[PDB]
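What follows is a short report on a single structure.
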Amino acid sequence: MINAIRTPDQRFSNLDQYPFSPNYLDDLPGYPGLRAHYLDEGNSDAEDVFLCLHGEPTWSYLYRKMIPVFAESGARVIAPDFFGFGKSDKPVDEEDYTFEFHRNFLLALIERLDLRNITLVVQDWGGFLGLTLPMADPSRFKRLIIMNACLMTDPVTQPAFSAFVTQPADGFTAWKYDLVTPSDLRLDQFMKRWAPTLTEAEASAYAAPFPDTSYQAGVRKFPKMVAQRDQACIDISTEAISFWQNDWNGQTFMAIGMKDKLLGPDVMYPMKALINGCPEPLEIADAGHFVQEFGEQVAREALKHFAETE
Ligand SMILES: [Cl-]
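When we follow the entry's author numbering, the leftmost residue of the sequence shown carries the number 1, and every step to the right adds one.
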């Protein structure tokens, strides 16, 4: 139905620090014959579940340094790969990927696995999408760990969530250009640019899912959706703001990668005001957009903060 391709399994043979066993679902409702990959780590009977959402242009490999810390605390960790990314299947046409298409998969996943007592861990697209999930079923969400992310609202209601698209030239403009223009997109090169501390090995794990451009339709569409917000995304994101400001009563932990040109402090302080009860942020000076590459410190501090209220 949805024409999609699948990454050969040998592409992930030599992954660095990725000893997690795959789990798949190819029976989600709305996603017929599409196989989704996700990690299920720690005790599968734990009370607490960390749902780790990744963004553009990565996969669950991004949470590889946080996963073990959350699991050792006694929690179950779910880290799904969105369709078009990591080990999940990849639809071939960019038109298949929409805000709701990826949002509905997350609601499908959550219902399917029956996740409860969720600690939402988001960043980037993990957050554009994931911050709109709680209002759908408030009872399954109990905590949030938010790294550089915001809501894809309209420019008027929140200019801070729209300004970064145009300025500065070396921020989101550069980012989108690097991703949607090359006809020969090398994700290892892109990642080493955007996450200067990655080793060669780690950079190649980010390119691992895409043997050639025919596999990167989802990678291509995400930046375009930051640029061109459809009505449903706007409506839903706008309504999530209200949920965070007035309905949210859980615990929150915010961490900012201070070197981020995209969603750094001019985006995160405003986000911090809209999230009821959000405490002071943990500013990580050396981290850029991929805060998770400095993930062990974030996981440990968040658990620390969470223990001093539970
Ligand atoms: Cl993007």
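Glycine is no exception: its CB is placed at the ideal position from the N, C-alpha and C atoms.
Beta-bridge partners of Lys90, as assigned by DSSP: Taking the first residue of the sequence shown as 1, we reach residue 90 at position 90. Answer is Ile5, bridged to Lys90.
Any chance you could list the alpha helix (DSSP H) runs of at least 4 consecutive residues sitting entirely within the stretch 152-228, in chain order? 160-163, 174-180, 187-194, 200-207, 217-227
Measure the Cβ-Cβ separation of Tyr97 and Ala203 and say whether it is below 8 Å. For the purposes of this step, residue 97 is taken as the residue at position 97 of the sequence shown. For the purposes of this step, residue 203 is taken as the residue at position 203 of the sequence shown. No. Outside cutoff.
How long is the line joining the alpha carbons of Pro281 and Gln228, rounded to whole angstroms? Walking along the sequence shown from the start, residue 281 turns up at place 281. Walking along the sequence shown from the start, residue 228 turns up at place 228. Answer to the nearest angstrom: the Cα atoms are 30 Å apart.
Is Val226 near ligand 1, going by C-beta to nearest heavy atom under 7 Å? Numbered from 1 along the sequence shown, position 226 holds the residue referred to as residue 226. Yes, the beta carbon of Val226 sits closer than 7 Å to at least one heavy atom of ligand 1.
For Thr58, which of helix, strand or coil comes out of DSSP? Within the sequence shown, residue 58 is the residue found at index 58, counting from 1. Here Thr58 sits in coil by DSSP.
If you draw a straight line from the alpha carbon of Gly84 to that of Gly55, how long is it in whole angstroms? Taking the first residue of the sequence shown as 1, we reach residue 84 at position 84. Taking the first residue of the sequence shown as 1, we reach residue 55 at position 55. Their Cα atoms are separated by approximately 11 Å.
Exposed or buried, what is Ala285 when buried is set at 16 or more other beta-carbons lying within 10 Å of its beta-carbon? By one-based count along the sequence shown, residue 285 stands at place 285. Per the 10 Å Cβ criterion, exposed.
Got a sec, what are the start and stop residues for the alpha helix (DSSP H) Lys259 sits in? If you number the sequence shown from 1, residue 259 lands on position 259. Looking at the DSSP string, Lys259 is not in any alpha helix (DSSP H), and its letter there is neither H nor E.
From the DSSP output, which residues share a beta bridge with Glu283? Within the sequence shown, the letter at position 283 stands for residue 283. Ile256, per the DSSP bridge assignment.
For a test of your reading of the model: does the CB of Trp194 fall under 7 Å from any non-hydrogen atom of ligand 1? Yes or no. Position 194 of the sequence shown, counted from the start, is the residue given in the question as residue 194. No; taking the cut-off as 7 Å, the Cβ of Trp194 has no heavy atom of ligand 1 nearer than that.
Where does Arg64 sit, in a helix, a strand or coil, going by DSSP? Numbered from its first residue, the sequence shown carries residue 64 at position 64. It is coil, neither helix nor strand.
Between the stretch 236-250 and the stretch 148-164, can you find at least three pairs of beta-carbon atoms closer than 8 Å? yes
In chain order, what residues of the same chain have a beta carbon less than 7 Å from the beta carbon of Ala195, not counting five sequence neighbours either side? The residue given as residue 195 occupies position 195 in the sequence shown. Answer for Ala195: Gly288, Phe290, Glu293, listed in chain order.
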